[PDB]
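Presented below is the structure to which this report refers.
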Amino acid sequence: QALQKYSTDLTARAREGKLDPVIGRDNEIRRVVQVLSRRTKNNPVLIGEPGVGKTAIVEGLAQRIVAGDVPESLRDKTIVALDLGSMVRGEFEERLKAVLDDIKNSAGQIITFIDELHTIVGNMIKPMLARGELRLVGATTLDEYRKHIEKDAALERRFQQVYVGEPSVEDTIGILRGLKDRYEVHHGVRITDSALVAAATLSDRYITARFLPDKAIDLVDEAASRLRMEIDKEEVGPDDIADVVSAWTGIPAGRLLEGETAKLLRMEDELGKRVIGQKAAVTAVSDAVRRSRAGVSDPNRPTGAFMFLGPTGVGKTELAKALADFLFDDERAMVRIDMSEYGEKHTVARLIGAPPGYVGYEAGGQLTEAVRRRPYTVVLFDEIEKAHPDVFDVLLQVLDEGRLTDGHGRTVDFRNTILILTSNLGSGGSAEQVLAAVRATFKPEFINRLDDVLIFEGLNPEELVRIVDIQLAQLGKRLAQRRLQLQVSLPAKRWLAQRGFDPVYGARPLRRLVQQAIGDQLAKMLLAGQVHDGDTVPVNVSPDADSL
Amino acid sequence: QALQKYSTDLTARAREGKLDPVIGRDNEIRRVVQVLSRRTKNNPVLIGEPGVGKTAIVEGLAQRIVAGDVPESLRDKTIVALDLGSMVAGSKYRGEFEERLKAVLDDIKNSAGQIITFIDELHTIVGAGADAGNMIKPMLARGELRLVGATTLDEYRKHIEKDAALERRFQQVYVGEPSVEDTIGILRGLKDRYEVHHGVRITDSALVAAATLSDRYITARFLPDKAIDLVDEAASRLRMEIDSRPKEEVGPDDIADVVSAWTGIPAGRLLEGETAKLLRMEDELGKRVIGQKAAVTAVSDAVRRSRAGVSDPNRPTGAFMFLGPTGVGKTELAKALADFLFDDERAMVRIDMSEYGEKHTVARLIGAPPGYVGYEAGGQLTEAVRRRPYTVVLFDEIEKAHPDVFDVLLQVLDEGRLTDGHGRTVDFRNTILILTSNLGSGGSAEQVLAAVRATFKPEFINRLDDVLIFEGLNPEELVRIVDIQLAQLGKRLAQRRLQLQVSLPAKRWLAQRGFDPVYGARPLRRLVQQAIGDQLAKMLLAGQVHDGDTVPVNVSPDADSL
Amino acid sequence: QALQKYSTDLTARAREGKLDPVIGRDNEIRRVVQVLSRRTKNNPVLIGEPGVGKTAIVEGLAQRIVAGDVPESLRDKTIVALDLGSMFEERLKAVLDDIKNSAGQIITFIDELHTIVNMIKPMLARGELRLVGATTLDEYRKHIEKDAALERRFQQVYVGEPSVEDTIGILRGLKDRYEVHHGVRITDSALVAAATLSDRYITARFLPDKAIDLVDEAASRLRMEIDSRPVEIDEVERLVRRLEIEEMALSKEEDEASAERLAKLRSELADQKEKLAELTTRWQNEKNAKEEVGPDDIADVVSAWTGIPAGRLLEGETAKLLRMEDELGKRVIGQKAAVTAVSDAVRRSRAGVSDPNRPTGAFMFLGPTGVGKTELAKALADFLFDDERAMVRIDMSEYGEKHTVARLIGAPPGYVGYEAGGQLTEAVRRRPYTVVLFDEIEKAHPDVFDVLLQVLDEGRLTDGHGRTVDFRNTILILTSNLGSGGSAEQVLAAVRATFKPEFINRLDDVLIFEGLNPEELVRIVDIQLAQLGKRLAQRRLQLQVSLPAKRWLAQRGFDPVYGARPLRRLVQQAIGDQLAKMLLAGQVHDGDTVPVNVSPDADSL
Ligand SMILES: Nc1ncnc2c1ncn2[C@@H]1O[C@H](COP(=O)(O)OP(=O)(O)OP(O)(O)=S)[C@@H](O)[C@H]1O
Ligand SMILES: Nc1ncnc2c1ncn2[C@@H]1O[C@H](COP(=O)(O)OP(=O)(O)OP(O)(O)=S)[C@@H](O)[C@H]1O
Ligand SMILES: Nc1ncnc2c1ncn2[C@@H]1O[C@H](COP(=O)(O)OP(=O)(O)OP(O)(O)=S)[C@@H](O)[C@H]1O
Ligand SMILES: Nc1ncnc2c1ncn2[C@@H]1O[C@H](COP(=O)(O)OP(=O)(O)OP(O)(O)=S)[C@@H](O)[C@H]1O
Ligand SMILES: Nc1ncnc2c1ncn2[C@@H]1O[C@H](COP(=O)(O)OP(=O)(O)O)[C@@H](O)[C@H]1O
Ligand SMILES: Nc1ncnc2c1ncn2[C@@H]1O[C@H](COP(=O)(O)OP(=O)(O)O)[C@@H](O)[C@H]1O
C-alpha cells in the first residue's frame, strides 16, 4: 500500500464493476482455482496466443472472488497486476526488489499477476518463490514459453501450464452478443445478429493475422463508429461490415459473398480474359474443377490431375498462370519443375531429400518443400515424357492418396492442389497417332487415374489477332509515364505474324520482337522530338522493316 | 548488519518447525557432517539429478543441529541461506558489488567459526563478473566458510568444470535417487502434512499405488517428487469435487485416474463397462474386418492380457507379423484396431517400408550423430513415440527394405528400447508393433513359412509373437464388404440429405466385378467411385437430383445404371 | 488553467485565424475523428516520415474543429498540445492535474512522443486523456511495437506524402513568404517543375518538404548570382587566374622534364581564356536587350544534389549517349550483341522511359574466361564517373558461408562489430549512383541470393539497425563462368538449375559472351601497346613497333581456351624482359626511343 505505483488493483475496481462480465470460458477458472490450492507447484501461468482472453479469465476470477463462489481457502484475497513496461541499463532490479519487499511485508497470500513474464525470465526471485509468501499468475505464448521458460529456466518445477486455445465462431458469437448493449449506448444505432455473424465469419475467413475475441470486436466497433460519423441508413448490417473488411484488405466488397456458385459460374471467359482460344480446353478444365468441388469424391486426392499436350508456346503454361489467379488469388502460386534433370535412377530422390545428415537435407525436396508451405499451389511438369520411369511411383503415390513424407519426417498433404503435366508430344499426330503414342509411352494404368487428357489445338492463323491484340493493349500501358499514345495499323500488326510466329517456339519471341523494335527504335525520337502525349506516333511498314 | 539484508536464517527457520520431516538419507548426512568438520577445504556439494532430494538433506542437517544430534564440534552453528540475486541486483557502476561481497565475507569471518553458510544452486556463482565470484577462493581453500552447496549434474559440468581452480575447493557428495521402498517410506512420513492441508484422508494402499505407478509409466522424471506430485494432485482434485457440488478419501484408483489423465496411458484397475467392451471385442472389431477369424483372436487376446495384469511389464504389448496374399485386409485390420482402442484412425504411427530400399535411409528413424547436419531435430520414430507413448506402430510391407533395416527392430522388439542421436532412450513397452508383408502370396502354409525363414534370420523370427497367415477372401461373404463400402459412402453423403437404394442385383454385380483372385478386394473402392460417385456428380450439378432424393440404382446389362 | 504558460493553444489561434495552409488530408482527419469516436483502441498515432504533413494534419483538424463539423461528443474539444519546448518530475504533476480534473475537453497532442515512452501509462489505463501521437514507423517499431501493455490504446494512422496537384498549392501558400527575403520571382513554371521533377530523381527525402527546399535553395542561388558576376562567369575567371599563376612559376624552372608540363599548362590556359571571352561578350547582349526563377535552376539544384543527373537535355551530354556504343568500343572489343544491350538501357533511364521502381539496370553476362566480362563493367564505370576507382566491387567468393550474410548487412545491435556498419549497404546509403559488381556470383552461398531477390523489383533492403537504403538508381552486374565449354544449352541449363527461376525472372536480358577471334586480336594488341607506352612514359622512353611485329604478336598468342591474358603474358615476357635487361645495363637512358623488329623467332629490340 506504500509503493502502489508500479501495479494496479483488480478486486477494488471490481467493487465498482469497471470490468466486463466474462461469460464463456468457465472451465479455465476452475482449472486455475484448483491449481492455486495445492501445496507445491501451485501459482499457475496462462499460455496462449495474444488476444484470446487470458486477462479476461483473471478478471472473471477476481469477479467470482468479490461475489463469493470459491472455497474459503481462496476467499478473502486481493489480486494485483504488474506492468513490466513501467520499469524499463539497470535499476529494473532495484525497483523489482523494492516491490518484492512490499509483497513480502503483505504477510499473507495477496496474489499478484504478471503479464508477459518472459521479460523477467530470474535467479533473483526463486528464493522468494520457494518459501511460501507470494502467488503469481502469468501470461505468455507457447513459443515464448519454450524460449524464456525452457532453456535457461530451471524454475519450470514451480509453474503450472494452463491452456487457453481460442474460441470457436459460434462461441465468439455469443461473446459478441453479450458485449453488445455497451456499444448500443456508447455509439448507439442498432445491432443485428446478421451483422454480428457476418463480422465473425468474415474476420475468420479473410483476417488471418489476429485472433477471434478481439479481432471480431475490432471490426464491430470500427464499423459502428464509421456509421456514427456518416451522419455529418439507421441500422448496421452484413454489407455494412463487408465494406469495412474491403477497406481493410483491398479486395472489393462484391466478391466477399458466396464462394461456391459465385465462383463456379465465373469459370467462364474470366479465364479466357488471360487465356485465348482453346475453348474446349477451358470448358473441360472448368468441368473438372466444378464437379470435383461438389463434395462427393474421396476427400484424400488432388483437386485436379489433368494433363495437356500438343504444340509449344500456344499458351500451355498461360492457362495455369491464369487459373492460379482465379482460384488461389495469385499468379505467383504455380511451381514448375522440369522433368529433364530427372532422367537418371538416383536423381528421383532429389525432390524429397532423404536422410538427416547427408548432402541435401536442409535444402529440402524440390516437390515437397515448395508445398508444405503454401499448400495451395499449381504444380507443373515440363516434358514429363522425358522423366525417368521411377518418378511415376512418387506421382501415383501422390494422386492416389493425398499425403507424402519428406526427408525431415514431416507429413505434407496434396488434397487441395492441382497437378498439371505438359508435354511436347504430338509433332505430326493431329488426333490419331498422338493418343496411341501417349498410350504406349506412359504406363497404361497411370492414365486410368488422370482426368481429361485434352489436346491443345494449333493457333488458327487468323486467331493470332487476339493474342497480339492483348499484347498490344498491354504494351499500351508502357509509355503512359509520358502519356504518349500509340498507332495501330492492321497490316503492320499482321506483319508481325508471318515473321514472328515461328511454330517451333510457339509465340515466345513476339514480346522481345516488338518491345525492342518499337522502344529502342523510338529511343532516338523519345529523346530528340517527333512525339508528345497527344501523338499516336504513326508507325507503319517500310517495304523492308518497321520504320515510323 | 551485512549478512542480514543478503541472507536468511535457516536454523532459526527450523526452530519454528516450518520444515518438512526429512526421513532417511542417513549415509548422506553423515558424510556431509564428516566433510564439514575437516581442517581445511571443508566444502561439500550435493550433486544429483533434479528432484531427488538435494535440498532436503540440508534441511535435515538443520533440524538435526537444532535437536542437538551433531558431533562435538558442530553444536550451535546457525547455518545461513545466502543469496546472490539480492546482491547483484542494484549495481551499474565500478566496484559496487565488491563492497557488498566484502562486507559479507568480513561479517562471516569476524564472528568465530560458527556461521556455516549455504548457497543453493551455486552454479550461478561463476558469473557476477561484468574478477567476481572469485574473491571467495582464498577464504575457500582455508576452512573459513563452509559453503554447503547443491547443483545439478549437468549444470555442474557445464559451469564449474570450466574453472578447474575452483572445483578443487569442493568435495562432491553424490546423491542418488531412492528406490520404490524408500519412496514409500518417505510418503508414509509425509502423509500427515497433506492430510492436514487438504481436509481429506489418505490410504496406505493409495500411497503404495502412487509410488509404484509413478515408476512404471512416468519415465522422464525422478522418484521422491514424481511420486509426491500424484498424491498432491489427487488430494486437490478430490477437494474440488467435494466442494462446489451441493468414501470421502483418496483411494488406490484416484492415483490411476491421474496418471491416466496425463500421459494418456490407460493404467488402472479395469473400471466397469470397460470390461464389457473388452469382452465384446472379437465381434465389435469384426464390424470392420470380414473374415480372418484366426487373426483377430490373437490381437484381442493380447490386449486383454495386457490390461488384465498378466504380461511381462518390460517388453512390448505385442509384436505380431501377419502376412499372406494380396489385398486380403491386413493393413485394414491394423487400421481397424487403431480406430478401436483410440477413436482416431490416424492415431497410429505408420511408416512405409517400401521407401527404405537403400541402406542409408535408416537415419530417418534414428537421427544423426553429433556434429552432422540434421542433429538437433532428433529421429522421426523416436520423437513420434516419445510423445503419445501409447500408439500402434505399423510397418507396411517390410520386404523391400534391404536386409540392414531389420537389425534395428531386432532390439526394438524384445525390450522396447531405441536410442536417438542425443543418447536418449524411448520406451516401447506399451505399444503394439505390427509389421505386414507379402511373402508367399497364395502358397500353402509351408510354401510361405519357408520363404520367411530364407528372408529373415533366427535372431529376428525368434523375437516376435505368432506369425499369422491370412486366409483368402471367401467368395460368399463379399456382399458384406460391399455393404461396408456403401456405409462409408452414405456417411460421406450426409452433409446433404441423400440416401441410396442399392438393389440386390446391383450389389451382387458390384461384388462380382473387381475382386480377381490375384488382387483380392483391392480394385473395389476405385470401382465404386468411378461407377457411382462420378455418375452422381454429373447428375447433381446439372439438376434433376436435389437433396432428399433416395437415389435408386439399377443393374442394366452393361455397366451399372441409375 | 495552469497550462496556459507551459503549452501553446490552438483553440484560440484558430479563432484568431492564423494557421499553416492545410489542403487535402480530409479523409485522414475523418479517420482520426472516427477512431476518436470509439470505445477501445481510440486516440490514434500518426505514422510516417519527417516532412509528410502530419503537423499540418493536426493543424487542419484544429481549424475544422473551431469551424464545426463534428459529432455530439466533440463540443469544440479544445484540443491543446503539451509543449516539449517546456523542459523536473515535480512539475509534471502540476501539468497533468489540470487535464486530470477535466472531463476530457482539453485533450493533448504529444508531438514526437516516441521518446516519452510510469506517469502517463497509469493515467492512460483509466482513460482520461487522448494523447494524440505522431512519430515515424521505424522508431514506432523500436519503441512501442513490442510493448503490448500500451498497444491496446494506440491505433496507428498511416499517411502518405504525395499530393502533387496540391503540393503546388502549398508552394503557392508559401510562395509569398519566400519572395520577401530573396528579391526574386518564384514562377509557376518553377512550382510545377519542382513538383514534378525532384520526385522520382531525388529519392532520399520526401516531396512535401523536399519540393520546398528545392525552391528555397534555387531562390538563394539566384539571389547570390544577381550580384554582378553570376555562376559560370565566376568560375572560368577563378580558373584562368589560378592557371596563370601556375604558369608564371614554371618559366623559372631549370628543368627539361617540366618543359612538357609547361608546354601544356600554357595551352589549356590559352583554351580557357577564350571561353571566358565568349561568355563575357555574350553577357552584354543580355545586359542591354537572369532575374527570375525558372525550370533550369531547378535541374541545376537537382544535379548538385546526390550527384544524380536529372535535367531537360543538358546540352553537353547530348552527343555522348548517342555515341555510347561507339565510345565504349575504344576499350572493349567484340560482343556487339552485349554492347547493344548494355547501351540500350542507359538511354532508357536518361530518357525517362524505364520502370521507376527497379534498378536502372540489372542483368548478368557469363561465358568463357579472358573474354572481357570484367573489362566491360570497368569500361562502363570509367565513362560515367571519369575514374575507374568509383565502382563498388564485392567478391562473392568470400561469401561461401551462411553466417557471412551479416558481413554486407552489419551485425545486430549489442554485438561486437556494430558501429562498423555494413559493407554493401554502407556504400550505397551515402552517394547512391554507382555500379555494383558481383564478382563470381556462383561461388556464393545460395542464401545471399535471397537478398538480391529482395533488391529486385522492390528497390531496397534492411540492415542491422533496421533502416532501408534505396537501390533504384544504380546498375547491378553479375559475372560468372558456368559451363565454360558448352555451346548454349549446357550453360543455359546450368544457370537455370543453379539459380531460382524467380530470381532469373526479375533479371533483364541474360548475356552469353562468345570468345575472341584473330580479327579482333590486332585491335587488342594495339590497346596493350598503347597502355604500355603510356606506362613507360614516366621515364620518357617511347617505343616504336613495326607492323610485322604487331602481326607476329597477334598471331603468337591466340589459343581459344584462355582468352586474352596470354597476350599480356607474352607482351611482358617478350618485350619488358629484354627492355629491363638493358635499362639497368645502361645504354637505354632517359629521353630515348628504341625500335623493335621481327627476327626469325624472337623480335630483337
Ligand atoms: N469470455 C469473455 N468474456 C468477456 N470478454 C471477453 C471474453 N474473452 C475475451 N474477451 C474480450 O476480448 C478482448 C481480448 O482482451 P485480452 O483478454 O486482454 O486479450 P488477451 O488474450 O488477454 O491477450 P492480450 O492481453 O490482449 S496481449 C477483451 O476486450 C476482452 O474483454
Ligand atoms: N528424504 C526425504 N525426506 C522427506 N522429504 C523428501 C525427501 N526427499 C525428497 N523429499 C521431498 O521431495 C521434494 C524434493 O524437492 P527438493 O529436494 O526440495 O528439490 P531438489 O531435490 O533440490 O531438486 P531441485 O534441483 O532443487 S528442483 C520436496 O517436496 C521434499 O520435501
Ligand atoms: N475382411 C475385410 N473387411 C473389410 N474390408 C476388407 C477386407 N479385406 C479387404 N478389404 C478391403 O480391401 C481394400 C484393400 O485392402 P488392404 O488391407 O489395404 O490390402 P493389403 O492387406 O494392404 O494387401 P497389400 O499387399 O498391401 S495390396 C480396402 O478397401 C479394404 O476395405
Ligand atoms: N574485348 C576486350 N576488351 C578489352 N579488354 C579485353 C577484352 N578481352 C580481353 N581483354 C583483356 O584481357 C583481360 C581479361 O580481363 P577480364 O575481363 O577480367 O577476363 P574475364 O573475361 O573476366 O575472364 P574471367 O572469368 O573474369 S578470369 C584484361 O586484361 C582485359 O583488359
Ligand atoms: N491463348 C493465349 N492467351 C494469352 N497469351 C498466350 C496464349 N497462347 C500463347 N500466349 C503467349 O505466348 C507466350 C508463351 O507462353 P508459354 O506457353 O508460357 O511459353 P513457354 O512454353 O515458352 O513456357 C506468352 O507470352 C503467352 O502470353
Ligand atoms: N498540406 C500542406 N501544404 C502546404 N504546407 C503545409 C501543408 N501541411 C503543412 N504545411 C506546412 O509546412 C510544414 C511542413 O512540415 P510539417 O508538416 O510541420 O512536418 P512535421 O510536423 O511532420 O515535422 C508544416 O509545419 C506547415 O507549416
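Every chain in the C-alpha cells has a letter given in the order shown (A, B, ...), and although residue numbers restart at 1 in each chain, ligands are simply numbered from 1 in the order shown.
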
Item to check | Neighbourhood of ligand 1 at 6 Å, counting only C-alpha atoms and all ligand atoms, reported as an MDAnalysis selection string | outcome: (chainID A and resid 20:25 50:56 213:214) or (chainID C and resid 148)

Selected residues written out, N, CA and C atoms, as an mmCIF file, in the first residue's frame:
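Heads up, here's the output in part05.cif:
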```cif
data_model
loop_
_atom_site.group_PDB
_atom_site.id
_atom_site.type_symbol
_atom_site.label_atom_id
_atom_site.label_comp_id
_atom_site.auth_asym_id
_atom_site.auth_seq_id
_atom_site.Cartn_x
_atom_site.Cartn_y
_atom_site.Cartn_z
ATOM 1 N N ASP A 20 -15.794 -6.132 -17.443
ATOM 2 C CA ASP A 20 -16.867 -6.773 -18.184
ATOM 3 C C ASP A 20 -17.208 -8.133 -17.584
ATOM 4 N N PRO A 21 -18.492 -8.472 -17.489
ATOM 5 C CA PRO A 21 -18.856 -9.863 -17.203
ATOM 6 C C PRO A 21 -18.257 -10.782 -18.253
ATOM 7 N N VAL A 22 -17.914 -11.992 -17.824
ATOM 8 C CA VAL A 22 -16.915 -12.796 -18.521
ATOM 9 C C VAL A 22 -17.530 -14.091 -19.041
ATOM 10 N N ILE A 23 -18.794 -14.027 -19.471
ATOM 11 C CA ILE A 23 -19.489 -15.216 -19.947
ATOM 12 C C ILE A 23 -18.612 -15.984 -20.926
ATOM 13 N N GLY A 24 -18.713 -17.306 -20.873
ATOM 14 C CA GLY A 24 -17.793 -18.165 -21.586
ATOM 15 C C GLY A 24 -16.563 -18.454 -20.751
ATOM 16 N N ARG A 25 -15.827 -19.480 -21.172
ATOM 17 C CA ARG A 25 -14.577 -19.874 -20.523
ATOM 18 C C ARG A 25 -14.771 -20.088 -19.025
ATOM 19 N N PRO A 50 -1.965 -14.233 -28.362
ATOM 20 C CA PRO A 50 -2.350 -12.913 -27.846
ATOM 21 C C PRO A 50 -3.739 -12.524 -28.326
ATOM 22 N N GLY A 51 -4.560 -12.044 -27.399
ATOM 23 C CA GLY A 51 -5.895 -11.592 -27.729
ATOM 24 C C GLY A 51 -6.942 -12.679 -27.631
ATOM 25 N N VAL A 52 -6.706 -13.669 -26.778
ATOM 26 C CA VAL A 52 -7.628 -14.784 -26.624
ATOM 27 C C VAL A 52 -8.431 -14.706 -25.331
ATOM 28 N N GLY A 53 -7.962 -13.983 -24.322
ATOM 29 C CA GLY A 53 -8.771 -13.800 -23.137
ATOM 30 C C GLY A 53 -8.126 -14.225 -21.836
ATOM 31 N N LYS A 54 -6.796 -14.216 -21.784
ATOM 32 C CA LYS A 54 -6.103 -14.558 -20.547
ATOM 33 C C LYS A 54 -6.426 -13.558 -19.444
ATOM 34 N N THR A 55 -6.180 -12.277 -19.714
ATOM 35 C CA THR A 55 -6.586 -11.236 -18.785
ATOM 36 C C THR A 55 -8.075 -11.318 -18.495
ATOM 37 N N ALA A 56 -8.880 -11.637 -19.505
ATOM 38 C CA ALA A 56 -10.312 -11.771 -19.272
ATOM 39 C C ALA A 56 -10.594 -12.828 -18.218
ATOM 40 N N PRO A 213 -11.540 -13.256 -30.255
ATOM 41 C CA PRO A 213 -12.398 -12.446 -29.368
ATOM 42 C C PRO A 213 -12.229 -10.952 -29.544
ATOM 43 N N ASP A 214 -11.021 -10.489 -29.858
ATOM 44 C CA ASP A 214 -10.798 -9.076 -30.129
ATOM 45 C C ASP A 214 -10.798 -8.749 -31.613
ATOM 46 N N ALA C 148 2.997 -4.580 -25.800
ATOM 47 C CA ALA C 148 1.545 -4.670 -25.895
ATOM 48 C C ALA C 148 0.840 -4.136 -24.661
#
```

Item to check | At most 8 Å to chain A: residues in chain B, only C-alpha atoms, as a count of residues only | outcome: 37

Distance-based interface of chain C with chain A, 9 Å, counting only C-alpha atoms, as a short mmCIF file (atom, residue, chain, number, x, y, z; two decimals) with N, CA and C atoms, in the first residue's frame:
```
data_model
loop_
_atom_site.label_atom_id
_atom_site.label_comp_id
_atom_site.auth_asym_id
_atom_site.auth_seq_id
_atom_site.Cartn_x
_atom_site.Cartn_y
_atom_site.Cartn_z
N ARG C 30 -10.96 12.70 -41.13
CA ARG C 30 -12.14 11.89 -40.87
C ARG C 30 -11.76 10.60 -40.16
N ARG C 31 -10.66 9.98 -40.59
CA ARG C 31 -10.20 8.76 -39.92
C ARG C 31 -9.86 9.04 -38.47
N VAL C 33 -10.97 11.48 -36.42
CA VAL C 33 -12.15 11.71 -35.59
C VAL C 33 -12.95 10.43 -35.44
N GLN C 34 -12.96 9.58 -36.48
CA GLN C 34 -13.68 8.32 -36.39
C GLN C 34 -13.07 7.41 -35.34
N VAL C 35 -11.74 7.34 -35.29
CA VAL C 35 -11.12 6.48 -34.29
C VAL C 35 -11.22 7.11 -32.91
N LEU C 36 -11.34 8.44 -32.84
CA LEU C 36 -11.58 9.06 -31.54
C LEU C 36 -12.98 8.75 -31.03
N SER C 37 -13.96 8.62 -31.93
CA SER C 37 -15.32 8.28 -31.53
C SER C 37 -15.45 6.76 -31.49
N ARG C 38 -14.76 6.16 -30.53
CA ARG C 38 -14.79 4.71 -30.33
C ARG C 38 -14.82 4.44 -28.83
N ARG C 39 -14.84 3.16 -28.47
CA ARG C 39 -14.76 2.79 -27.07
C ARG C 39 -13.38 2.33 -26.65
N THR C 40 -12.73 1.48 -27.45
CA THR C 40 -11.40 0.99 -27.12
C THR C 40 -10.48 1.21 -28.31
N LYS C 41 -9.18 1.24 -28.04
CA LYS C 41 -8.16 1.46 -29.06
C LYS C 41 -8.36 2.81 -29.76
N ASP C 69 -17.63 20.72 -37.58
CA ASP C 69 -18.04 19.65 -38.48
C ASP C 69 -18.11 18.32 -37.73
N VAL C 70 -18.48 18.35 -36.46
CA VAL C 70 -18.15 17.29 -35.51
C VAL C 70 -19.38 16.49 -35.10
N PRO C 71 -19.20 15.35 -34.43
CA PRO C 71 -20.34 14.70 -33.77
C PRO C 71 -20.73 15.38 -32.47
N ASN C 118 4.97 4.88 -16.50
CA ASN C 118 5.29 5.30 -15.15
C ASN C 118 4.34 6.40 -14.70
N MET C 119 4.32 7.49 -15.46
CA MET C 119 3.46 8.62 -15.15
C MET C 119 2.27 8.75 -16.09
N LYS C 121 1.36 6.23 -18.36
CA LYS C 121 0.72 4.94 -18.57
C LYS C 121 -0.40 4.65 -17.57
N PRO C 122 -0.22 4.80 -16.25
CA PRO C 122 -1.38 4.60 -15.36
C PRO C 122 -2.47 5.63 -15.57
N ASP C 147 5.77 -3.63 -27.05
CA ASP C 147 5.15 -3.46 -25.74
C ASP C 147 3.64 -3.42 -25.93
N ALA C 148 3.00 -4.58 -25.80
CA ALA C 148 1.55 -4.67 -25.90
C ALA C 148 0.84 -4.14 -24.66
N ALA C 149 1.59 -3.74 -23.63
CA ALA C 149 0.97 -3.16 -22.44
C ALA C 149 0.30 -1.84 -22.76
N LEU C 150 0.78 -1.14 -23.79
CA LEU C 150 0.24 0.15 -24.19
C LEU C 150 -0.31 0.14 -25.60
N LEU C 313 17.61 18.56 -71.15
CA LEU C 313 18.59 17.92 -72.01
C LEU C 313 19.86 18.76 -71.92
N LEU C 322 24.45 9.13 -77.70
CA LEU C 322 24.19 8.52 -79.00
C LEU C 322 25.46 7.90 -79.57
N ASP C 344 21.41 0.05 -74.64
CA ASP C 344 20.01 0.42 -74.77
C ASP C 344 19.30 0.58 -73.44
N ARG C 347 20.27 4.90 -71.92
CA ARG C 347 19.42 5.92 -72.51
C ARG C 347 18.01 5.84 -71.96
N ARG C 348 17.44 4.63 -71.90
CA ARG C 348 16.08 4.47 -71.42
C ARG C 348 15.92 4.91 -69.97
N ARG C 350 18.09 7.72 -68.99
CA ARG C 350 18.29 9.15 -69.19
C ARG C 350 17.16 9.76 -70.01
N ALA C 351 16.33 8.92 -70.63
CA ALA C 351 15.15 9.41 -71.34
C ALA C 351 13.93 9.54 -70.44
N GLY C 352 13.84 8.75 -69.37
CA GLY C 352 12.67 8.75 -68.52
C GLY C 352 11.62 7.73 -68.89
N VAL C 353 12.00 6.68 -69.61
CA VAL C 353 11.05 5.68 -70.07
C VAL C 353 10.97 4.45 -69.16
N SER C 354 12.08 4.04 -68.55
CA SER C 354 12.16 2.75 -67.89
C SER C 354 11.28 2.72 -66.64
N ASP C 355 11.16 1.52 -66.08
CA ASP C 355 10.32 1.31 -64.90
C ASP C 355 10.90 2.05 -63.70
N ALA C 497 19.51 -24.30 -63.37
CA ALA C 497 19.48 -25.23 -62.25
C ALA C 497 20.33 -24.76 -61.08
#
```

Checklist entry - Which distance in Å separates atom CA of residue C:272 and atom CA of residue C:287, to one decimal? => result 22.9 Å

Item to check | Who sits within 6 Å of stretch 515-526 of chain B, only C-alpha atoms, same chain under 3 positions skipped, as a ChimeraX atom specification | outcome: /B:326-328,529

Would you mind exporting the chosen residues as an mmCIF file, in the first residue's frame, restricted to N, CA and C atoms?
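Wrote result-v2.cif, looks like this:
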```
data_model
loop_
_atom_site.group_PDB
_atom_site.id
_atom_site.type_symbol
_atom_site.label_atom_id
_atom_site.label_comp_id
_atom_site.auth_asym_id
_atom_site.auth_seq_id
_atom_site.Cartn_x
_atom_site.Cartn_y
_atom_site.Cartn_z
ATOM 1 N N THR B 326 -2.428 -60.945 -51.515
ATOM 2 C CA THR B 326 -2.550 -59.517 -51.761
ATOM 3 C C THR B 326 -3.979 -59.044 -51.540
ATOM 4 N N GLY B 327 -4.114 -57.850 -50.970
ATOM 5 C CA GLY B 327 -5.426 -57.255 -50.786
ATOM 6 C C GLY B 327 -6.368 -58.069 -49.931
ATOM 7 N N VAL B 328 -5.846 -58.779 -48.936
ATOM 8 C CA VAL B 328 -6.702 -59.615 -48.107
ATOM 9 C C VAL B 328 -7.306 -58.821 -46.957
ATOM 10 N N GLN B 529 -16.296 -45.685 -56.716
ATOM 11 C CA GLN B 529 -16.199 -44.274 -57.064
ATOM 12 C C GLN B 529 -16.567 -44.054 -58.524
#
```

Checklist entry - Could you pull the residues within 9 Å of stretch 291-308 of chain C, counting only C-alpha atoms, minus those fewer than 6 positions along the same chain, as number ranges by chain? => result C: 184-194, 197-198, 201-202, 204, 214-215, 217-219, 221-223, 226, 430-433, 473

Item to check | Contacts to ligand 4 at 9 Å cut-off (only C-alpha atoms and all ligand atoms) as a PyMOL selection string | outcome: chain C and resi 329-335+366-379+439-440+479-481+513+515-516+520-521+524+527-528+562-568

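Across the structure, atom 9 (C, counted along the ligand's line) of ligand 5 and atom CA of residue A:538 are spaced 27.1 Å apart.
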
Checklist entry - Do you know which residues are within 7 Å of ligand 5 using only C-alpha atoms and all ligand atoms? Can you write them as a list in words? => result residues 274, 275, 276, 277, 312, 313, 314, 315, 316, 317, 318, 467, 505, 506, 507, 508 and 511 of chain A

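When only C-alpha atoms and all ligand atoms are used to measure the gap to ligand 3, the shortest distance among B:176, B:318, B:251, B:440 belongs to B:440.
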